[PDB]
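**Student:** Could you have a look at this structure, given as structure tokens, before my questions?
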Amino acid sequence: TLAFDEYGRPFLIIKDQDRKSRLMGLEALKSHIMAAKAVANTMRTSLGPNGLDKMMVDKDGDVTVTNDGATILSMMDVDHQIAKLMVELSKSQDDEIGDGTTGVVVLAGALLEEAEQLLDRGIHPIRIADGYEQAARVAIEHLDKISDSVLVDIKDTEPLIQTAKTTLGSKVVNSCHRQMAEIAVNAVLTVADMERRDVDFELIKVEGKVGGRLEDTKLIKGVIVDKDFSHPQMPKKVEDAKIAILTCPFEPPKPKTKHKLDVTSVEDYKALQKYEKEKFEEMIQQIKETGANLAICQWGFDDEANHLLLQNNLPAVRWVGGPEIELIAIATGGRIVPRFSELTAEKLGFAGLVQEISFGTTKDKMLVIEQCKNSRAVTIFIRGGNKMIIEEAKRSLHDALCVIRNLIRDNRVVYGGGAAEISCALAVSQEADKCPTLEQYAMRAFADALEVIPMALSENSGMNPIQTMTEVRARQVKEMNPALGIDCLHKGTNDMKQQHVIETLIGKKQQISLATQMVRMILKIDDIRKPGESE
Amino acid sequence: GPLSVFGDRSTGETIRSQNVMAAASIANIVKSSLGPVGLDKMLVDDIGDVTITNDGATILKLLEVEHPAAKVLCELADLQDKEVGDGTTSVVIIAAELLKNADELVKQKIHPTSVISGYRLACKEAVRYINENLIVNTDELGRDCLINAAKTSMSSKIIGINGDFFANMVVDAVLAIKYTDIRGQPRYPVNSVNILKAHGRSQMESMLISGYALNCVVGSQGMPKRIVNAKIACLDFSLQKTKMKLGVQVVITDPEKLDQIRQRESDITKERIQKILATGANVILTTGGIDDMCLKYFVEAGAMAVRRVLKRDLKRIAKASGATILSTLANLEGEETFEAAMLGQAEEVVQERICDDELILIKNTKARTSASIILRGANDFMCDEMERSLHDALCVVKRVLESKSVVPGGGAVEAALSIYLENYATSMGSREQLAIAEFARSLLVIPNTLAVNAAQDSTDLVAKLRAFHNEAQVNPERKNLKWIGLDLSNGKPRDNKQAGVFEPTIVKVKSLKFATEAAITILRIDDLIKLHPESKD
Amino acid sequence: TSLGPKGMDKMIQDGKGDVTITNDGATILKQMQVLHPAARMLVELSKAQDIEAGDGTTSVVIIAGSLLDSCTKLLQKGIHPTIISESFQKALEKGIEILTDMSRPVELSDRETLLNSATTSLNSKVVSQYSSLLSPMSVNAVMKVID
Amino acid sequence: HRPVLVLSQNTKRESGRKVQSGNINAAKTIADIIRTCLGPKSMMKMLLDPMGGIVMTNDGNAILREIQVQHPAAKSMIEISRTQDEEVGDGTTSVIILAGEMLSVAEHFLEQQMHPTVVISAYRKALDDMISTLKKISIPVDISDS
Amino acid sequence: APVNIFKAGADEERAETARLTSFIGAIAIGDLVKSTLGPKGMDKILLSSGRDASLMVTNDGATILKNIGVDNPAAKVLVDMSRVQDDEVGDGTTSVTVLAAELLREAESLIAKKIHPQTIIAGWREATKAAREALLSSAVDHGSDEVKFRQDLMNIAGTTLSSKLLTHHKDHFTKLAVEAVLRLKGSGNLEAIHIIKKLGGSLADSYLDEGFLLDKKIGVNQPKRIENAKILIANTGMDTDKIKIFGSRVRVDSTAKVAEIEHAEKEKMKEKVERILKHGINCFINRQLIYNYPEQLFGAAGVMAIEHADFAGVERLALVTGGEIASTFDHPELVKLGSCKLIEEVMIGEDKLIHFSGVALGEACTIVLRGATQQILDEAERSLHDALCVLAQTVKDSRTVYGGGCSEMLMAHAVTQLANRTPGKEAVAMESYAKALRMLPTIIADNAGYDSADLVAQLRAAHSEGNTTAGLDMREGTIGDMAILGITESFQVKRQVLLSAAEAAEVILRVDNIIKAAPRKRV
Ligand SMILES: Nc1ncnc2c1ncn2[C@@H]1O[C@H](COP(=O)(O)OP(=O)(O)O)[C@@H](O)[C@H]1O
Ligand SMILES: Nc1ncnc2c1ncn2[C@@H]1O[C@H](COP(=O)(O)OP(=O)(O)O)[C@@H](O)[C@H]1O
Ligand SMILES: Nc1ncnc2c1ncn2[C@@H]1O[C@H](COP(=O)(O)OP(=O)(O)O)[C@@H](O)[C@H]1O
Ligand SMILES: Nc1ncnc2c1ncn2[C@@H]1O[C@H](COP(=O)(O)OP(=O)(O)O)[C@@H](O)[C@H]1O
Ligand SMILES: Nc1ncnc2c1ncn2[C@@H]1O[C@H](COP(=O)(O)OP(=O)(O)O)[C@@H](O)[C@H]1O
Ligand SMILES: [Mg+2]
Ligand SMILES: [Mg+2]
Ligand SMILES: [Mg+2]
């Protein structure tokens, strides 16, 4: 018996074993599938362009309406260790590619649902997991058949816009489906290093301010910071700005150590007045000798230095952030100068229309940089009607900035809309008979689970799943298999090449690879050692 | 998703390991009370009652259990008393070791239905081998078989003396109650021996009363307490005043007729007491009640009247003394006849001194010459132990006289079956041979427990025990080593034929049949569902 | 795990304290007392098998537990449940015609045919080792009282 | 609140040397109570009853009946003095001291790895020789003499 | 997810109670502020449970929703929608709340009709595009001929203040709102119009000051009024400077040198004031505090000293006098001084305020709000703030549309004309968009007590054949021409009512799952 021996002695193995939970049985694998299918059935309704959004409420009461699969599973309070691995699966897709975070959870729940009927037939769970590796290898090699792109980043941006429209077509930015798609294309190509095929997202600043509409979202080539002119009579428009970027506060120079400067006579106190009076005239003249007409400072200003800016016609901002001035020196081509004595004409930045824009009745007055000269840093200014449509557009356009980054890493594409999943399901079924020795049932469960993603698009579009999928799959066997999928309004024919539904190759290559390995770590587990109550 | 039952469900090898520990929790208790080197226990209740016993049935009946696999072994000991009567520590150890060795088989991914079918091929072969390897019936040994079989049962209890005092009283008790039946059935009803207890002198003063020992008093202290050449009148009706029934009421319309009805309730009562006493009856036994008015007629006439005796005691007296159990008046519309020729007979009815109580004895009863045993012990705890040890000793000589066949005790049967079943598993064994091979190792726990409780050598004495039994089966040179047992006082294998260690045949045949059948039911608890207690709703 | 000759029995201990060992599917589900309302209809399904047939009790839960399990993928394909109920009747009416072709007409006068039928039902119970006595006693108790 | 899967709930188990040498100390404890009530130089022992009465006596039977013990082997020694009180008159205090001393020497042999059945088989052989010794040293009494 | 729930204290719902709680929580927000819409709608009084409850009556829909604290998740989208409407245009926060709630009420009628919710989104995007062309083609521009633009500005302030507490004060408060923005003559900073609330007197006693008012009265022994003065303001430290050298002590050997240092400290503070009076000024305004040692120097020279006005007080004085901040005094030829006529002190509500009467280049105003209670002054300040923000954007965007229900029937007519040229899948969703646009004149008509079932039916029959300027006349209770009565609103205000309500109803209708997390410290 438990907690007692046959000789009457107490039988205690581990501490607090009465409040423990242990399941080996045959339902330990069944509890992992029913916990993972409910996550996949939740994310099934938010797939495709007809996917409905979800309303997420934080612990503080903040409400965020999200549609991407990365932020939905991350903002949950799920205390289930099987469903916690589905959160890290959608997070791993966002960190690597960042487009199929919703589809990688429905695919992982589809592989576990097909493995439930295979488990009742007597197949070992590692034998299903070894059969999924031999089946996912066919889906990787078949996905690299038809793949071509003609992007040159000069004038052939038409494959780049249609690739970003597939990512933005499922979000709430379909009103700006042509305007905002061209923003994310030009924001990547101006900051990407084509010699190394590396894109840095630190150069792409994504800012948002309430007011206006979604059509007022513009791609500002430069930087957008909160302007903090210390003088209210400062000119709010500079036509040709020689920007003097400095990191020294407008003050007498204070050392970093303890000084305790001694004053003995009245000649030393009169020397204190002439020291600071000549220091504020030296820090102002050393900027005017370089020909500068705009100053950026990280730290604060003194009141004595504020009026000397207006007398010399030198506008200056105050209290700029850390990485904000790092974006100014790249957008203007200037250098960040530590002191005032190291200022020169070569370390100045070049900019055109430097002005602040007031938005309605607020007092923000953000910076707008219209003209530049070969900048490697852009800033997207997202506007909207409320904060729910702006924070989602920051998440929607970030997925559009990632699919252009994946095209520079790999210039091979596929055709989405369920066209690649039906074509990959036929490749596993053709190799299931070559040979059907042991893993015949494990490969057919992989092909039946790959058809869940295109049949979820038929369910959200108001069609029938088994009626529409049987028509599309039969047309790819009777002839050579084209880019044949589905759509919501269906655009006439079902040809994905004519409807311009273009997805990246490495996006769907990591959808099958990550969902197979996450299934292998939740099939190769036969015990749960969770505790009982909290305290 | 899962089952929505409000109780508790445990599947797999969890219950398959819990039932073995439930059976081993009972076997490890009674392992210290087996054989002549076994020791008694103490059973203390919550109210303060102390019960000192070593029998396998009295311990497990008073002990509370909760597990469903534990109630099978506790009810297995209760069946051994009715079927055999001394075989009720050995069945519990075998039936728990049958589950311990079968648990090692089902952990080797062997199906339990092959273990159940493998146990039936070994249980039926064990009864077949023990019925073809007996020594002799009760004709060659004579009275030496009944005494030596009685001393084997007493060796595990408080009456295991070196002499033959308690052994001769049991054989003389069963041989005096030989009741014949139809179609040649010499039955020996051992329940007719009234076993009485009294805290008196030592165990060597236990009287063997040839007759019956009634546990009652005379009542009125004016009757002669010793009647020689007595005539027992066994009757069952209350000798009280004539009370009318519910349907009869006394509605008098004349005041002169009042006192004649009041005297009629005692005149009809005394009319029965004068016609049962004028026929020479001196001893009157009554299961009802004799009130103080009717006790005068026995003091005046000089007769003994015993009131409020048991109904089970009146049948043992009237059958042994030739008396007729009469409940009312009878014999073809007769007023008061009583059938005086059907009175009982007795040589002497004497109330002796039983250490500050009154006990009535009947000497030889003149018709059947029955027997009753009065036990004498130090305290009441020894008298309850002496009663249980004597009742198990009466059941041993009952089965020997009925079924004239004895087997050697002290592990001699379990040693011969441990080697014959290993050769039996090799001949016709394809997939169930592992269950027959573990049936032989489970039977070896009976000589193994005799070596543990004696603090002797364990893995060498039993290894020397089966060395003689192996040569008695593979070397046909008339070695006659089938009766090799254990000498627990010396620590060497001895011959149980000359030593006088005899046990009945059905104390091991019914033990191997009940332990194998109980091991099948506990082997099929692969799934167990326990619901919540429905007490307060 | 309680189906077939290689099946094991189950023991259900109720709240009163009367724990019984049972292998028949009708006796198990009446003692489990499942609180789910859809699972209580499967208890009454094995009850009517004990009334009509008597020897179909565990198998009626394996079929009905798998016909609903086969409807898990059917309800995730846009198929209406009325269409599944029409097609399950067409598979039921065709299913009896398949079992009728496998049937062999026998007579009650043949004692060897009635003996092998009763021995099959005893192979799943605890009396499978006692089928040499109980299975002849089951036939002789029936064929002498039926006329 | 789920119940704990136990067997033989709310009962104790004790075996080994703690029961063999434990019943000796319970027998030595009662024999030390009435040890000062055997000789003619004995003293009375005032007892208190749950009814409110007082039993001031030095007889070995009346003392042990007023003692409520919780030890199971201590309850056996009280029934010994009740047996000696009903059989004879002045056979009380002597049995409790003698049974405590026969168990005092029996505890010595239990430490020598000797089986308890060997000591009892030696006690029964010694009991049969104590009866024959008293019958040889006895003397017939003239009951007619006053 | 309800079946076999794997959450600790969190709950969720999918497609059953998700749209049920979203439609209940959003209609109850719109039905709350339904009674505050129109020129005859009542007002609300907002109260707390205690602990400085601070009751604040407001009729504007943004101030009601920002203080209630709704626990519903979908209702916070409409609360945040009205917050952006107050920050962008400052008007229509009540109109955008009822319109976004009437769209979801018509979307609740499409629940039982089994319409797909993505079809309603695609049907409303085409309906919103048709409604943008109705307001853009009906907008009336105003370039030259400024005597018609100033008359058009009084129709904007007369329409905004009619739906507030200032009902029978349109003869005065319209002139206080038009001339306040007209004196800016530039950008709508919306901070030069400093509103001062003083108790005592009626709302008709309120006025627009021709100069500027201030607090922190002029010194101790300084003159109270100087005619034809030169105003110089400052943002510098006067006394206890501790000038910008952290880690500097006075380490002397005797106490006689400490008396020489503290006399040298007061000489440098005297020399700083001597650099100020070299400009030839008569008034001094410092943002920081002025201690006693420079206060005696200004009083001996006959110069005023206004100490610690405000951080934004020197900005309004720089826009009303035409000077500069001038925090450093070392170049008198590069510091521009202000101009004024009278700096006399006036007494408004037993409080002496510094009146800057007769200032030059006065691009700043001061509204002296006087009311019966503090609750009226807090309502009239928000009512004037809702009127000055529209006129600050009407001078930037001169396009105006005809309000009073006329703009909503023009938008509903363009949707209904294109609803008949569409197939039946999306035409039902477009008809529900046009019915919600007709609810906005229905709420205005029913709040006065008129027959709303017939007046909107007369507006729909009028706009179906001509009558692009026909609207609802709330004065007599009939249908009149909006160009004759002069009931106009701005184009950017009416566009943000249409556009933000169509975007906010798009978010809530696309929600099929509300997964709320477990809150903290709630048990
Ligand atoms: N025009 C279209 N026609 C058909 N299918 C489409 C169309 N646009 C998008 N899809 C499908 O919608 C799906 C949206 O997946 P998504 O949720 O964005 O993945 P992730 O969560 O990884 O970003 C894609 O797999 C794509 O096949
Ligand atoms: N003199 C002896 N020598 C060896 N073994 C003995 C002797 N006397 C008894 N035994 C053994 O002691 C065991 C006592 O079993 P017991 O507990 O009486 O069974 P039950 O509980 O069924 O009555 C017997 O199996 C017998 O083999
Ligand atoms: N000798 C055998 N060999 C193979 N299978 C058997 C044998 N005997 C019985 N079975 C199987 O065991 C199953 C027992 O089913 P059972 O539980 O009796 O159904 P029900 O609960 O309806 O009575 C039968 O379906 C039968 O196929
Ligand atoms: N005068 C005496 N001299 C020596 N011994 C005595 C004398 N009188 C009494 N005794 C002893 O005192 C003992 C008293 O025993 P007692 O406690 O009366 O026994 P019980 O409890 O059975 O009555 C006797 O055994 C006796 O030997
Ligand atoms: N004189 C008038 N005639 C007709 N309608 C009017 C008049 N004045 C105001 N209204 C109407 O009253 C409504 C008031 O809306 P309001 O609550 O101010 O919106 P918000 O809260 O967004 O500022 C306006 O939509 C306008 O059409
Ligand atoms: Mg996408
Ligand atoms: Mg059956
Ligand atoms: Mg308004």
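FYI, nothing fancy with the structure tokens labels: chains A, B, ... in order, residues from 1 per chain, ligands from 1 as they appear.
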Could you tell me, counting only C-alpha atoms and all ligand atoms, which protein and nucleic acid residues lie no more than 6 Å from ligand 2, written as a ChimeraX atom specification?
**Tutor:** /B:34-36,55-56,86-90,152-153,155-156,409-411,486-487,501
**Student:** Using DSSP assignments from the backbone, pull out every residue in stretch 209-348 of chain A that falls under helix (DSSP H, G or I) and give it to me as an NGL selection string.
**Tutor:** :A and (214-216 or 266-288 or 303-311 or 322-331)
**Student:** Counting only C-alpha atoms, collect the residues of chain B whose closest atom lies at most 9 Å from chain C, and write them out as number ranges by chain.
**Tutor:** B: 3-7, 68, 111-113, 116-117, 120, 520-521, 523-535
**Student:** Select all residues from chain B having any atom no more than 8 Å from an atom of chain A (counting only C-alpha atoms, ignoring ligands), output as a ChimeraX atom specification.
**Tutor:** /B:1,11-12,18,21-22,24-26,28-29
**Student:** Which residues are near ligand 4 in this structure, taking near to mean any atom at most 6 Å from a ligand atom and counting only C-alpha atoms and all ligand atoms? Format them as JSON, numbers by chain.
**Tutor:** {"D": [38, 39, 40, 60, 89, 90, 91, 92, 93, 94]}
**Student:** Write the residues of the selection above to a file with N, CA, C and O atoms, as an mmCIF file, in the first residue's frame.
**Tutor:**
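Result saved to result_14.cif:
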```cif
data_model
loop_
_atom_site.group_PDB
_atom_site.id
_atom_site.type_symbol
_atom_site.label_atom_id
_atom_site.label_comp_id
_atom_site.auth_asym_id
_atom_site.auth_seq_id
_atom_site.Cartn_x
_atom_site.Cartn_y
_atom_site.Cartn_z
ATOM 1 N N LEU D 38 3.981 -9.064 52.263
ATOM 2 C CA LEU D 38 4.071 -10.520 52.331
ATOM 3 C C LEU D 38 4.388 -11.030 53.725
ATOM 4 O O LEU D 38 3.750 -11.980 54.191
ATOM 5 N N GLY D 39 5.362 -10.433 54.410
ATOM 6 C CA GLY D 39 5.747 -10.900 55.720
ATOM 7 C C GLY D 39 4.823 -10.391 56.805
ATOM 8 O O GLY D 39 3.894 -9.607 56.571
ATOM 9 N N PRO D 40 5.077 -10.847 58.038
ATOM 10 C CA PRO D 40 4.282 -10.353 59.174
ATOM 11 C C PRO D 40 4.623 -8.930 59.581
ATOM 12 O O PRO D 40 3.846 -8.315 60.320
ATOM 13 N N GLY D 60 -2.953 -8.869 49.206
ATOM 14 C CA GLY D 60 -2.493 -8.744 47.833
ATOM 15 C C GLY D 60 -3.592 -8.791 46.793
ATOM 16 O O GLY D 60 -3.401 -8.276 45.687
ATOM 17 N N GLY D 89 -7.706 -19.054 50.303
ATOM 18 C CA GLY D 89 -7.891 -17.785 50.977
ATOM 19 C C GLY D 89 -6.650 -16.920 51.007
ATOM 20 O O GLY D 89 -6.676 -15.767 50.568
ATOM 21 N N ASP D 90 -5.560 -17.473 51.529
ATOM 22 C CA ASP D 90 -4.326 -16.716 51.713
ATOM 23 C C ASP D 90 -3.299 -17.048 50.637
ATOM 24 O O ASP D 90 -2.104 -17.139 50.913
ATOM 25 N N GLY D 91 -3.772 -17.226 49.408
ATOM 26 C CA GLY D 91 -2.894 -17.479 48.282
ATOM 27 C C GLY D 91 -2.974 -16.380 47.241
ATOM 28 O O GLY D 91 -3.466 -16.594 46.134
ATOM 29 N N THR D 92 -2.488 -15.195 47.600
ATOM 30 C CA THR D 92 -2.597 -14.029 46.732
ATOM 31 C C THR D 92 -1.237 -13.392 46.467
ATOM 32 O O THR D 92 -0.702 -13.487 45.362
ATOM 33 N N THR D 93 -0.683 -12.739 47.483
ATOM 34 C CA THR D 93 0.524 -11.941 47.311
ATOM 35 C C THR D 93 1.718 -12.801 46.920
ATOM 36 O O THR D 93 2.656 -12.301 46.292
ATOM 37 N N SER D 94 1.695 -14.088 47.269
ATOM 38 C CA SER D 94 2.843 -14.954 47.019
ATOM 39 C C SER D 94 2.970 -15.345 45.553
ATOM 40 O O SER D 94 4.083 -15.609 45.087
#
```
**Student:** Select, from B:8, B:140, B:432, B:254, the residue with the minimum atom-to-atom distance to residue D:1, counting only C-alpha atoms.
**Tutor:**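 Of all the options, B:8 lies closest to residue D:1.
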